[PDB]
Each structure stands twice: as C-alpha cells, then as structure tokens.
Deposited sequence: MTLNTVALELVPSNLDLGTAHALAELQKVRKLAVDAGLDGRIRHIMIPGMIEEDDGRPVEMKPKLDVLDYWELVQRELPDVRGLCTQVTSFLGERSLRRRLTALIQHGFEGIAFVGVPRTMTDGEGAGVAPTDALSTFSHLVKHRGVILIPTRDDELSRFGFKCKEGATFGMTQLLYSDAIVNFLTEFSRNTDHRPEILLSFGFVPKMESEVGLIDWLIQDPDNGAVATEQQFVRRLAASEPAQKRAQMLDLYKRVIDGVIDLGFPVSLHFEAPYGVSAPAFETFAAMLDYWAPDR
C-alpha cells in the first residue's frame, strides 16, 4: 500500500555521451554507494522524464542490482489509450510507482483513471508554493497516492503537513526530497534556480540557506544540512503520513553527497 523507501534520483545521461559512458557512470554510482555503506539502504532509483526512462532503467539494473524503479511520466501529450499503453509498459518493465506531471490527459484526471493500473500515483508537492494546501488537497481528492516534495531547504514542510493533517483526513505518503549542495553551486547556481519563486520570501530564505551550504566547508556543510534534516524529520514522522526519502544530487552523485545521505539515514530511515 506504501513504498516506505529510500529513493535516489538518477537523471538519465543525455544520448550524446553514448551508452558506454552512461554505463561507466552507473558503475561509479554503484561503487560510491558501497563506499558510503549505502549499498543496501537505497531501495529505489527515481528516474525522471524530461534517454527514455525505459532505456535508462535497463542500464540502471545492469549496474545497480539492489534497486527497484520509480519514475516520472508527463501526461499532457498522450491520449488515454496511448497513456494507458505507456503506463502499462512502465509497470511491466518493473516500475513500482509513477508521479504524474504535466505542462492530452491532465495529470489530475490520470490519478483517478489509472487507480487500478498504477498502485502508487504521485504528484509534485511544493510546500512554499502559493495555494498549495488546496492544490495538494485537490490532487489527493483526485487520487494521488504520494506527494514528492520539491527540494527542501527550510522546514516549511512541517507547518504544511501539520495544517494539512488538520484540514483533511487525507494521509498520502510523502517523499521528502533532500539535495546535496556542492561548493560548485557558487558559480553555476543550478539548485538556486530550481527552487525559485520570484516573490516568496520563504523561498528567499531557502535560497539563502543554499548559497551557504555551498560556501560552507564539507564538515560544517554536512552538519548544517543535517540540522535541517532532523528538524524536518522530527516535525513530520509523528503526523500520521507514511514518510519516504528522496535523495538528489543535481550536479551529479559524488562521494561527499553519499556520506551526507548516509548521515541522514543514520539519524532516521523509513521502514
């Protein structure tokens, strides 16, 4: 009924670099996972749609043997029969959960139509986004099984879920998203761009917290991020929602990223 999982996001490698490179990067991921002692603690790989998700997933299984598959599927460009063909192929090839996203079939319509084909049906949850209490409450009403959060760089998710758990009896599984921030974010600013909301403040707060983990040194950066992880976990796991974890490395998975992920799991891991 629930996934109760630790999901590592592996973005598919672009076709230009070739299949040998993609497999080489996957052997690196597998080996860095064993490095940090995560080689049994990560149960799922989350492969987002933009390689096709089915093609990368076959590569992933050849080098990451201990993992099952989650993915993202855009719905707004497929008819119901074509989308049913796509979701069926994804389930048949070993995907256990699908987040329905969109820019055709509307995502919230797919949440109800495919409730018996797809057992775990997700939406994106952005706790700081305006109007999210009703938007996320509508998506659950339409049949969302889990909410995968935007990258979390504050504790706004704590107040979001507490007020959500009081205004409705919906208890969807929450995939808490934590993203490692390398010093290289100082120059590229990819993570800062991903979470932007032009005039939010709460977001601005998150953005400030990101530029610091970047400017911080690896020892303290891990501690500052871990401080936020424990504040979120302590303010959430008792609320009645099934909680899972979504680990991201937007710049590419690295040994520092995995030791930060291992530190989070060492404090609390789902089950």
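Deposited-sequence stretches lacking C-alpha coordinates, listed in sequence order: Several stretches lack coordinates - namely 51-64, 118-127, 296, in sequence order.
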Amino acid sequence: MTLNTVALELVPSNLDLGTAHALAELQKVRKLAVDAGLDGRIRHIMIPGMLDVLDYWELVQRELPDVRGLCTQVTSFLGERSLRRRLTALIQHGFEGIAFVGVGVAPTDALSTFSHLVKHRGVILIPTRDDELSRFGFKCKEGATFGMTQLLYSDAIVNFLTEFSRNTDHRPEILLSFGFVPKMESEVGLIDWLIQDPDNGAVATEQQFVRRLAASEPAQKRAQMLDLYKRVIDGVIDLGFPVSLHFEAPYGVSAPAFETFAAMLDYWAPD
From here on, numbers count along this sequence of modelled residues.
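Decide, for the other PDB entries of this protein that were compared, whether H116 is missing from at least a third of their models. In at least a third of the comparable entries (those modelling both sides of it), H116 has no coordinates.
Which is higher on average in the deposited entry, the C-alpha temperature factors of 192-200 or of 112-120? For C-alpha atoms only, the mean B-factor is higher in 192-200.
Of 238-246 and 210-218, the stretch whose C-alpha atoms average the higher B-factor in the entry: Taking the mean C-alpha B-factor of 238-246 and of 210-218, the larger value falls to 210-218.
Sorting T88, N167, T145, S177 by Cα temperature factor from the record, which one lands on top? So the option with the highest C-alpha B-factor is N167.
Take the CA temperature factors straight from the PDB entry and tell me which of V29, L54, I45, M225 peaks. Most elevated C-alpha B-factor of the set, per the entry: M225.
By the record's CA B-factor, is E163 among the lowest, middle or highest third of residues in the chain? Within its chain, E163 is a middle-third residue by C-alpha B-factor, going by the deposited values.
Modelled-residue ranking by C-alpha temperature factor, third containing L64: Middle third - that is where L64 ends up once the chain's C-alpha B-factors are sorted.
Third of the chain, ranked by Cα B-factor, where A263 sits: CA B-factor rank for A263: highest third.
Within-chain third of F136 by Cα B-factor, per the entry: Middle third of the chain for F136's C-alpha B-factor.
Which third, lowest, middle or highest, does the C-alpha temperature factor of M50 belong to within its own chain? Top third by C-alpha B-factor.
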